[PDB]
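Written below as structure tokens is the structure these notes are about.
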4 protein chains.
Amino acid sequence: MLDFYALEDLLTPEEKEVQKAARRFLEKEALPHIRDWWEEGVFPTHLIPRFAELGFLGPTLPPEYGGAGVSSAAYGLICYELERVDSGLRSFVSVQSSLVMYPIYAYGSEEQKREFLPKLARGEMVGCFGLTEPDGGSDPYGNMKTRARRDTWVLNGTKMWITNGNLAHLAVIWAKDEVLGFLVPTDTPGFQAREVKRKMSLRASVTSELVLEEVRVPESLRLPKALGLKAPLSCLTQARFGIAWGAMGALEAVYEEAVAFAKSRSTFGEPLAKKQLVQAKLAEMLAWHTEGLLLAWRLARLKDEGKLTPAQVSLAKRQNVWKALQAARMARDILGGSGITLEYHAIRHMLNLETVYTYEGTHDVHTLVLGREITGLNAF
Amino acid sequence: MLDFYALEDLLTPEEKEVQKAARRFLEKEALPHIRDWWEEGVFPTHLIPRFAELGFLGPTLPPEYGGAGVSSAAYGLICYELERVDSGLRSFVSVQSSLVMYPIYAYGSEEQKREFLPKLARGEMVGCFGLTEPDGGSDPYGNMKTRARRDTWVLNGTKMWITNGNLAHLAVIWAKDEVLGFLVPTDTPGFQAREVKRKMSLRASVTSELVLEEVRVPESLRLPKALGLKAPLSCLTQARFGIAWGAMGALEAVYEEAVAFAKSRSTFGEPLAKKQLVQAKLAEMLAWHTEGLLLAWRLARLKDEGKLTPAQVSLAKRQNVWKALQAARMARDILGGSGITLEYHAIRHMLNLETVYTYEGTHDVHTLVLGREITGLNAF
Amino acid sequence: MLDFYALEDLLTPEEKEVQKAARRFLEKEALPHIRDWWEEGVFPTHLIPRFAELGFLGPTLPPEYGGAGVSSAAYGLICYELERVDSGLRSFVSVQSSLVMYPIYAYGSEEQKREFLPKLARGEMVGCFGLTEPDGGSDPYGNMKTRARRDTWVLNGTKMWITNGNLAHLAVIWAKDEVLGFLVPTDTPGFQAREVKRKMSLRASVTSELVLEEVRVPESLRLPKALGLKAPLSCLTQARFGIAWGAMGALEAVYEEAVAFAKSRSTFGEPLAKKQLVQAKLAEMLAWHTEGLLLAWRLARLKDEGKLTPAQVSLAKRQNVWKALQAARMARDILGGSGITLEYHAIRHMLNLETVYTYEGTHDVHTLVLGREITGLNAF
Amino acid sequence: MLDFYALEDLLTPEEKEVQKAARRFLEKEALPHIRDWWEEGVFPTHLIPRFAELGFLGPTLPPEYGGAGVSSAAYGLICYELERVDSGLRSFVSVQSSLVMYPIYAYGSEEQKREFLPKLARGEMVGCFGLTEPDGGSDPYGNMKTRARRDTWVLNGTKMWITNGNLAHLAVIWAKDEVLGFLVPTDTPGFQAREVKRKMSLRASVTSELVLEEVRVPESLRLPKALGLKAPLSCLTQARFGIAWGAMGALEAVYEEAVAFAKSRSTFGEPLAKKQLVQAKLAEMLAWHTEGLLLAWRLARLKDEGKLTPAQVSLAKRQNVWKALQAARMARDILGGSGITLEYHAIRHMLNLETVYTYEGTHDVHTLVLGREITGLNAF
Ligand SMILES: Cc1cc2nc3c(=O)[nH]c(=O)nc-3n(C[C@H](O)[C@H](O)[C@H](O)COP(=O)(O)OP(=O)(O)OC[C@H]3O[C@@H](n4cnc5c(N)ncnc54)[C@H](O)[C@@H]3O)c2cc1C
Ligand SMILES: Cc1cc2nc3c(=O)[nH]c(=O)nc-3n(C[C@H](O)[C@H](O)[C@H](O)COP(=O)(O)OP(=O)(O)OC[C@H]3O[C@@H](n4cnc5c(N)ncnc54)[C@H](O)[C@@H]3O)c2cc1C
Ligand SMILES: Cc1cc2nc3c(=O)[nH]c(=O)nc-3n(C[C@H](O)[C@H](O)[C@H](O)COP(=O)(O)OP(=O)(O)OC[C@H]3O[C@@H](n4cnc5c(N)ncnc54)[C@H](O)[C@@H]3O)c2cc1C
Ligand SMILES: Cc1cc2nc3c(=O)[nH]c(=O)nc-3n(C[C@H](O)[C@H](O)[C@H](O)COP(=O)(O)OP(=O)(O)OC[C@H]3O[C@@H](n4cnc5c(N)ncnc54)[C@H](O)[C@@H]3O)c2cc1C
């Protein structure tokens with residue numbers, strides 16, 4: 001992996017093998033098809049069982065529930081390699097691991113845990129997280145118009161932009177009565193999932209609109225410990241962690257491609273790579289990558305030692321994704337005409353990162369998170 | 001049109017009505033479809049006769065040759081309205097007008113002028129401009145390996161990323177023997193035009209690769225006055241002029257849509273338009289637009305009074321396109337998830353502007369143009 | 001003057017002569033000493049009678065009043081040349097002309113007007129404008145704790161950072177009872193003016209604090225028409241107009257000194273001026289200079305025709321000062337070690353611009369002004 | 001320690017203590033006077049023996065030579081606290097430790113090491129590093145016009161901007177015959193050092209001009225192992241290490257002061273600290289500080305394990321100093337009028353950092369360092 005300040009020297013042998021392993025895998029199995037799957041706008045479902053065979057699904061979870069029980073650094077490292085190929089592939093794992101497996105493990109009943117975690121871990125049953133609604137996801141609580149009225153519940157509302165919306169059997173829905181979380185099977189009557197069309201970003205992924213019309217759900221399917229905005233938020237903190245890592249991976253990809261191109265093309269007689277203005281762009285790309293890996297690494301250790309805070313996560317997601325988005329654009333610029341075609345990746349990552357830059361908290365909401373943490377004043 | 005500094009007060013009545021009519025035509029005949037066409041990646045050929053009828057083709061040229069004989073400001077103004085819909089539509093007019101109609105008029109023989117200009121002006125025969133080659137369009141003299149050997153000339157070479165490549169009957173090809181310019185019919189044996197596929201930018205336009213294999217061209221088809229790099233460059237200067245204008249139009253498009261969206265959406269209880277962080281973005285968008293129109297307007301007057309220099313044009317193209325590209329990205333950011341779909345224009349303009357940001361001299365070449373201007377030293 | 005888009009072509013002969021004369025005067029009489037004056041932190045009072053002679057004091061006001069009765073462009077042009085030497089010299093003229101002369105003229109009694117305007121205009125009785133208070137000048141209405149209770153009015157309050165505080169005989173104090181405008185002689189008992197020391201910025205200018213303790217002022221000394229926040233505010237709009245002009249005077253000053261240094265000094269064998277990264281800083285200081293003059297010029301014409309709006313003024317002050325400050329910083333960067341010494345102006349302007357970047361509305365308040373104007377929503 | 005990511009957790013008890021101690025003593029002996037010393041532009045020589053007593057002089061050097069033999073992290077930590085007060089105080093320690101102590105230790109004879117290192121360590125004899133010359137410090141090999149002829153050697157040439165130049169007994173002079181290094185006593189006939197006046201940056205520090213006119217130096221005073229450009233460069237790498245740390249310190253200082261001010265001042269009825277635009281600036285400052293500590297930390301560990309490269313150091317110096325300069329400006333902006341006076345530190349740090357941003361390799365030379373390292377091509 002790209003590593004200027006040798007942070008690998010700080011990884012365990014276990015962490016570095018999952019990295020080596022994730023790369024050989026994705027390099028054999030996904031990378032040769034990424035262009036075509038993005039172009040056609042389709043998510044490669046024959047890869048879910050493979051991710052699963054490699055332990056990409058809920059990696060840090062306990063083997064008891066079918067988890068790989070590896071470190072957070074390792075989870076971050078698989079996200080890194082996944083995103084290095086395409087953010088859509090990384091999105092699937094994030095959702096399944098931190099937005100589905102995670103809440104069940106953290107807030108589910110022992111019944112829910114034994115029942116779902118193993119099938120989710122083995123890519124045998126796919127899930128999706130429904131928090132964002134049409135009035136706007138930056139206000140998670142304020143725009144949550146999905147209701148839940150109670151030994152069975154009846155759900156009514158809508159969710160927008162839900163990843164795995166049409167692939168999932170299980171949908172973690174968040175509604176109000178007070179915020180609660182339900183494990184809603186997608187085939188229970190009154191539940192409809194419709195895919196979003198005309199997507200110019202994160203095409204290698206399924207995004208749906210969820211419509212719950214008088215959907216019936218037993219109390220045995222409501223997350224017992226799931227209480228308040230804090231429950232789904234903790235789920236975003238988890239997801240955001242992997243993303244701060246993946247962002248660095250897509251950055252390696254556009255960077256690597258940019259210097260190769262810069263080095264093979266020439267201009268007023270030197271090589272593109274010899275010009276000061278192109279060198280400055282690459283220098284910036286390298287500097288950002290190095291800064292990003294350290295944030296991600298540091299956050300991985302704090303996470304396992306139980307001292308990681310959401311604001312800390314907000315910082316790394318905000319910074320890393322912003323850098324990756326900027327780097328993707330700079331790379332497309334460097335590629336010139338050749339960069340407007342899916343022949344190079346730079347623009348695929350550039351578009352994909354526009355989404356990553358938006359979901360799991362926009363650049364601005366994270367700014368506010370940090371802002372409030374710094375001043376103690378709420379400016380949202 | 002968007003006009004914060006009331007520059008319309010500075011336009012003649014004639015110029016102001018080419019603006020009103022252009023928007024009426026495009027608005028009922030092109031904007032309703034631009035989505036679909038960009039989406040399926042097709043250029044609406046049936047609109048070429050409509051542009052011809054409106055006098056969009058080579059607007060400043062003398063009525064003698066079938067031109068509308070209107071002002072540069074008027075040309076800039078039609079480019080403005082064209083780009084505001086889609087850069088691809090503006091590209092066609094730029095090519096036909098400044099990269100084709102212009103070369104023939106400034107460097108053609110009286111025979112070539114009487115023969116082609118009227119057909120081109122009436123959108124009866126479409127042309128293209130072949131300057132850029134596979135090794136790098138930023139050094140157009142240095143990477144020009146297309147050769148021409150002499151009462152007939154045999155041309156051999158390749159051109160990459162040529163607009164109207166597959167629509168053109170006439171191809172203005174630049175080769176060396178010393179730079180010369182030929183009016184090469186596209187059906188003369190040995191001439192092949194293949195379209196570029198997998199385009200994520202400027203999809204509502206045809207881009208081709210030209211391959212000239214032992215193409216014979218009579219001396220009667222070589223541009224007599226066309227001598228040196230200066231000939232094709234003067235064409236770019238003309239083209240760059242209209243682009244500085246169109247850039248401002250696509251800016252009005254994304255800006256207008258952004259404030260509308262900002263005003264209609266809400267979170268933490270006030271409109272998105274009331275937040276300090278989105279008002280700053282809209283404010284930047286407005287500032288840039290005002291700055292851009294003034295540059296464009298100033299250049300239009302200098303142009304008609306014969307005092308416009310290439311360096312001045314480079315400044316306007318560089319500044320305006322950069323600003324429009326930055327504004328398109330800011331708008332997509334403002335639209336959130338809704339901006340990643342072609343349901344909003346923001347991202348279509350965002351992608352298109354990536355191309356405009358590249359062709360007709362990249363951001364960096366213009367910087368060097370200005371740099372050389374300022375210091376007298378060549379740093380390319 | 002520096003004029004890459006030949007805007008001097010848009011100037012009348014009179015407006016062009018006031019500019020030539022202004023530069024000749026300042027070059028011979030102020031530039032040679034600005035370094036020592038800014039150093040010892042003193043404002044050259046002997047220059048006040050000279051400004052008067054040249055007609056710098058209240059230039060647009062009617063000759064009946066001792067005014068030069070020239071255009072707004074001309075006022076903008078003298079500001080330009082003044083700032084090109086030092087912001088402190090321009091500040092004196094803005095205060096005297098737009099913050100003192102103006103309100104008396106716009107809202108004064110006929111007695112106040114015939115009395116005060118000619119003396120102020122021959123540089124015979126120098127004024128100041130006391131609006132800002134210790135709690136925050138961005139909320140001029142909110143933070144206005146100075147009281148006025150009534151045929152005489154007793155005033156109590158404090159004013160911070162008042163230019164000409166210790167030079168003024170007349171002090172335009174703004175207070176509440178609804179905002180009223182006064183015109184307090186500085187010698188009327190209970191009125192104290194203390195200079196601010198340890199100033200790093202705008203050292204060639206006197207800044208004071210005004211303490212009004214039970215100050216008695218006849219109603220004959222109150223601005224009859226000065227009603228509401230709108231009155232002291234319109235005075236800021238006038239001043240901000242010449243500031244937008246002056247900013248592009250100091251930018252000509254830093255840009256010019258830097259291209260000269262860049263062409264004169266040199267590294268790995270070429271000159272500084274020839275490296276891509278120095279060329280780029282200069283291109284940017286040229287691009288902004290051009291954008292700024294057009295904004296300033298356009299505003300000057302709208303002003304004389306009664307079409308100028310405050311939001312319009314907010315835009316050019318905001319853009320031009322930010323550009324001139326970034327340009328000053330970029331220039332100090334270009335000068336290297338040599339730029340940290342007053343031997344080069346770059347840093348003196350860099351420090352001064354910091355103040356103009358703050359007074360007469362900070363960068364952010366102007367952003368909010370534009371924001372409210374665009375959305376119709378107040379976000380201050 | 002401002003420490004958002006709890007990096008103090010990565011520090012040994014010893015390192016932690018050198019930090020606590022450093023802050024306690026500079027807090028009592030330096031902070032209360034810094035404002036004044038900077039003002040009158042004087043370096044507090046009386047603090048030199050104090051620094052020595054705390055072990056600030058050549059902290060990582062072996063106790064055998066009078067060194068504290070502590071870690072690089074610890075050296076970085078003292079630099080941090082020193083700069084947090086003022087860059088000029090940190091500069092003295094950098095010069096003495098990495099630009100004077102270091103070269104003697106790394107390239108000196110056993111006689112030079114035993115003779116000088118203990119007196120330097122005890123602040124009993126102050127040194128200065130003379131590399132930069134009047135034609136340009138960025139090309140130190142190319143602009144090194146100082147010559148040394150041959151056992152005495154006679155030196156003649158001139159050096160610019162040399163910190164401690166007037167405070168020193170020994171001057172390390174780099175000259176050509178190839179690059180050689182000499183330990184020139186400052187009282188040897190033919191050597192003169194006059195100060196640089198009119199400094200508006202790093203005023204709490206002595207900067208001199210060194211003039212060597214036919215200066216005689218024995219071969220016993222030439223650094224034996226000192227060969228080539230590399231020798232003096234290794235010295236800068238060392239110095240740049242501590243600076244990447246110090247930068248973080250001044251950042252904490254302006255940041256801390258900014259939020260305090262933002263919290264205590266209010267506007268349209270909120271505190272400044274509750275505005276989205278001011279929160280964003282602080283958020284950025286906090287993000288930069290967190291990124292900067294990690295870079296500094298990692299570099300410290302790599303350094304002690306003998307794995308640190310110059311390019312890695314270039315990255316950290318360029319990034320951290322640039323961020324600290326940016327943050328200082330963003331703080332002055334936040335302070336408003338109150339920020340232009342030495343009452344607030346913000347502007348003193350802003351001015352000091354302009355120097356740090358320039359010496360020990362400018363922002364641009366570091367960019368080129370990284371550039372060359374990434375592409376393998378030299379663009380200087
Ligand atoms: C491809 C894709 C996949 C997604 N998958 C999921 C998923 O699986 N699960 C899920 O729950 N959600 C998902 N989302 C939703 C995503 O999290 C939202 O798009 C995100 O919350 C942005 O919110 P919004 O689109 O409703 O826009 P808004 O929240 O309306 O935001 C629009 C613009 O306003 C700005 N803004 C909003 N509030 C403020 C404020 N208070 N102050 C200043 N600025 C503000 C934002 O920064 C943004 O710039 C997905 C989105 C996309 C595009
Ligand atoms: C949609 C589209 C349509 C087009 N249509 C036409 C057309 O109709 N006719 C035509 O002739 N051409 C056309 N082009 C070509 C276009 O002008 C080129 O893409 C442009 O010149 C960029 O050159 P390049 O792609 O060869 O990349 P390069 O020239 O290799 O540039 C690549 C990267 O290097 C940078 N660079 C290059 N030289 C230097 C230097 N000396 N110093 C510092 N940086 C440097 C550039 O800034 C750019 O960032 C079109 C391109 C596109 C994408
Ligand atoms: C050299 C000098 C000369 C001056 N001369 C005069 C004079 O002659 N007459 C006169 O009346 N005044 C004068 N001033 C005052 C000047 O106009 C004020 O400094 C200015 O209003 C800034 O306000 P403040 O210093 O009170 O800081 P504040 O108003 O407290 O502002 C501090 C920081 O907060 C930000 N802020 C404030 N409100 C908001 C908000 N609602 N939303 C987001 N951000 C906000 C500001 O942008 C600024 O960044 C002078 C100042 C200086 C430095
Ligand atoms: C307060 C202070 C203390 C100092 N103390 C010392 C000391 O103790 N010892 C010592 O040896 N030196 C010292 N210096 C010198 C310092 O290292 C130089 O100022 C620095 O090398 C900048 O070089 P210069 O001033 O000669 O400007 P130049 O090298 O001429 O640089 C000027 C501008 O050109 C740019 N530039 C230069 N070369 C290139 C290139 N090839 N490509 C693109 N851009 C380029 C630079 O980036 C800079 O922006 C000190 C300087 C200051 C201001």
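Please note that chains go A, B, ... in the order of the structure tokens, that every chain numbers its residues from 1, and that ligands are numbered from 1 in the order shown.
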Legend entry - Within-7 Å residues of ligand 1, basis only C-alpha atoms and all ligand atoms, as an MDAnalysis selection string: (chainID A and resid 95 128:139 160:163 201:202 207 355 358:365 380) or (chainID B and resid 265:268 272 275:278 333:338 340)
Output for the residues just chosen: C-alpha atoms as a short mmCIF file (atom, residue, chain, number, x, y, z; two decimals), in the first residue's frame:
data_model
loop_
_atom_site.label_atom_id
_atom_site.label_comp_id
_atom_site.auth_asym_id
_atom_site.auth_seq_id
_atom_site.Cartn_x
_atom_site.Cartn_y
_atom_site.Cartn_z
CA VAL A 95 -23.80 -0.91 5.65
CA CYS A 128 -30.03 -1.97 4.87
CA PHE A 129 -30.15 1.03 7.22
CA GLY A 130 -33.12 3.39 6.84
CA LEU A 131 -32.53 6.69 8.68
CA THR A 132 -32.52 9.46 6.05
CA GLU A 133 -35.99 10.67 4.91
CA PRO A 134 -37.00 13.17 2.08
CA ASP A 135 -36.95 16.37 4.09
CA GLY A 136 -33.28 15.97 4.56
CA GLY A 137 -30.83 13.74 6.32
CA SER A 138 -28.69 16.38 8.02
CA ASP A 139 -31.37 16.69 10.66
CA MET A 160 -34.76 8.07 0.90
CA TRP A 161 -31.39 7.06 -0.52
CA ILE A 162 -31.13 3.78 1.38
CA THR A 163 -28.18 1.61 0.30
CA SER A 201 -22.51 8.70 -8.58
CA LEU A 202 -22.04 5.38 -6.69
CA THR A 207 -29.92 2.84 -3.70
CA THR A 355 -21.61 10.80 -2.54
CA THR A 358 -22.41 13.80 1.28
CA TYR A 359 -23.69 10.75 3.19
CA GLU A 360 -22.80 9.62 6.71
CA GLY A 361 -22.84 13.31 7.60
CA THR A 362 -22.00 16.05 5.09
CA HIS A 363 -18.80 18.04 5.24
CA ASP A 364 -20.74 20.83 6.93
CA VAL A 365 -22.47 18.77 9.62
CA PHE A 380 -26.76 23.53 13.63
CA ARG B 265 -35.50 22.73 1.89
CA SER B 266 -35.26 22.94 5.69
CA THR B 267 -33.39 21.41 8.76
CA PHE B 268 -33.17 22.35 12.46
CA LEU B 272 -31.37 25.71 4.05
CA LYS B 275 -27.75 28.89 7.07
CA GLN B 276 -24.51 30.91 7.11
CA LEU B 277 -22.56 28.14 5.46
CA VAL B 278 -24.90 27.79 2.42
CA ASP B 333 -22.67 19.88 -2.57
CA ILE B 334 -25.67 22.06 -1.73
CA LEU B 335 -28.13 19.63 -3.37
CA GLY B 336 -26.88 16.74 -1.25
CA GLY B 337 -28.09 13.32 -2.35
CA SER B 338 -30.47 14.95 -4.81
CA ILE B 340 -26.03 12.94 -7.82
#
Inset, instruction - Using only C-alpha atoms, find which residues of chain A lie within 9 Å of chain D and jot them down as a count of residues only. - result: 49
Inset, instruction - Using atom CA of residue 167 of chain A and atom CA of residue 104 of chain A as the two end points, give the distance in Å to one decimal. - result: 18.4 Å
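Residues in contact with residue 113 of chain B at up to 9 Å, not including ones fewer than 5 positions away on its chain and judged by only C-alpha atoms, are residues 65, 101, 104, 105, 108 and 118 of chain B.
Proximity ranking of C:116, C:245, C:51, C:37 relative to residue 73 of chain C places C:245 first, based on only C-alpha atoms.
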Inset, instruction - Can you pull out every residue within 9 Å of residue 216 of chain D, counting only C-alpha atoms, but drop anything in the same chain fewer than 4 positions away, and send it as a list in words? - result: residues 152, 153, 154, 155, 184, 188, 189 and 190 of chain D
Legend entry - From D:100, D:226, D:351, D:235, residue lying nearest residue 168 of chain D [only C-alpha atoms]: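 Of D:100, D:226, D:351, D:235, the one nearest residue 168 of chain D is D:100, counting only C-alpha atoms.
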Inset, instruction - Taking the chain letters and numbering used in this document, name the residues of segment 96-278 of chain C that DSSP puts in helix (DSSP H, G or I), as JSON, numbers by chain. - result: {"C": [96, 97, 98, 99, 100, 101, 102, 103, 104, 105, 106, 107, 110, 111, 112, 113, 114, 115, 116, 117, 118, 119, 120, 121, 219, 220, 221, 230, 231, 232, 233, 234, 235, 236, 237, 238, 239, 240, 241, 242, 243, 244, 245, 246, 247, 248, 249, 250, 251, 252, 253, 254, 255, 256, 257, 258, 259, 260, 261, 262, 263, 264, 272, 273, 274, 276, 277, 278]}
As a JSON list (two decimals) with C-alpha atoms, in the first residue's frame, please: every residue in segment 187-236 of chain A that a backbone DSSP assignment puts in strand (DSSP E).
[["chain", "number", "residue", "atom", "x", "y", "z"],
["A", 191, "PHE", "CA", -43.29, -2.41, 2.82],
["A", 192, "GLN", "CA", -42.11, -1.29, -0.62],
["A", 193, "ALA", "CA", -38.57, -0.68, -1.87],
["A", 194, "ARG", "CA", -38.05, 1.18, -5.13],
["A", 195, "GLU", "CA", -34.62, 1.79, -6.65],
["A", 207, "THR", "CA", -29.92, 2.84, -3.70],
["A", 208, "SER", "CA", -33.62, 2.67, -2.92],
["A", 209, "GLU", "CA", -36.57, 4.58, -1.57],
["A", 210, "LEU", "CA", -38.36, 2.79, 1.22],
["A", 211, "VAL", "CA", -42.09, 3.22, 1.69],
["A", 212, "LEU", "CA", -43.69, 1.73, 4.79],
["A", 213, "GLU", "CA", -47.44, 1.76, 4.62],
["A", 214, "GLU", "CA", -49.05, 0.35, 7.77],
["A", 215, "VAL", "CA", -46.19, -2.15, 8.20],
["A", 216, "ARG", "CA", -46.73, -4.58, 11.10],
["A", 217, "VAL", "CA", -43.74, -5.54, 13.28],
["A", 218, "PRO", "CA", -43.70, -7.62, 16.49]]
Inset, instruction - Enter the distance from atom CA of residue 320 of chain D to atom CA of residue 237 of chain A, in Å, rounded to one decimal. - result: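 So the answer is 27.7 Å.
Using only C-alpha atoms and all ligand atoms, the shortest contact distance between ligand 4 and any of C:293, C:258, C:328, C:126 is found at C:258.
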Legend entry - Close residues, residue 182 of chain A itself excluded, 7 Å, only C-alpha atoms, min 5 positions apart in chain, as a PyMOL selection string: chain A and resi 172-174+221-223
Legend entry - Near-residue 199 of chain B list (9 Å; only C-alpha atoms; drop same-chain fewer than 5 positions) as a list in words: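 With the cut-off at 9 Å, the set is residues 340, 341, 342 and 343 of chain A; 41 of chain B.
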Selection from above, C-alpha atoms, as a PDB file, in the first residue's frame, can you write it?
ATOM      1  CA  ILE A 340     -13.408  12.295 -18.907  1.00  0.00           C
ATOM      2  CA  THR A 341     -13.724   8.670 -19.922  1.00  0.00           C
ATOM      3  CA  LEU A 342     -14.191   5.611 -17.706  1.00  0.00           C
ATOM      4  CA  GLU A 343     -10.943   4.455 -19.233  1.00  0.00           C
TER       5      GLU A 343
ATOM      6  CA  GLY B  41     -24.997  10.468 -24.937  1.00  0.00           C
TER       7      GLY B  41
END
Legend entry - Test item: residues at most 10 Å from residue 326 of chain C, only C-alpha atoms, excluding those fewer than 3 positions along its chain, as a PyMOL selection string: chain C and resi 251+284-285+320-323+329-332+350+353-354
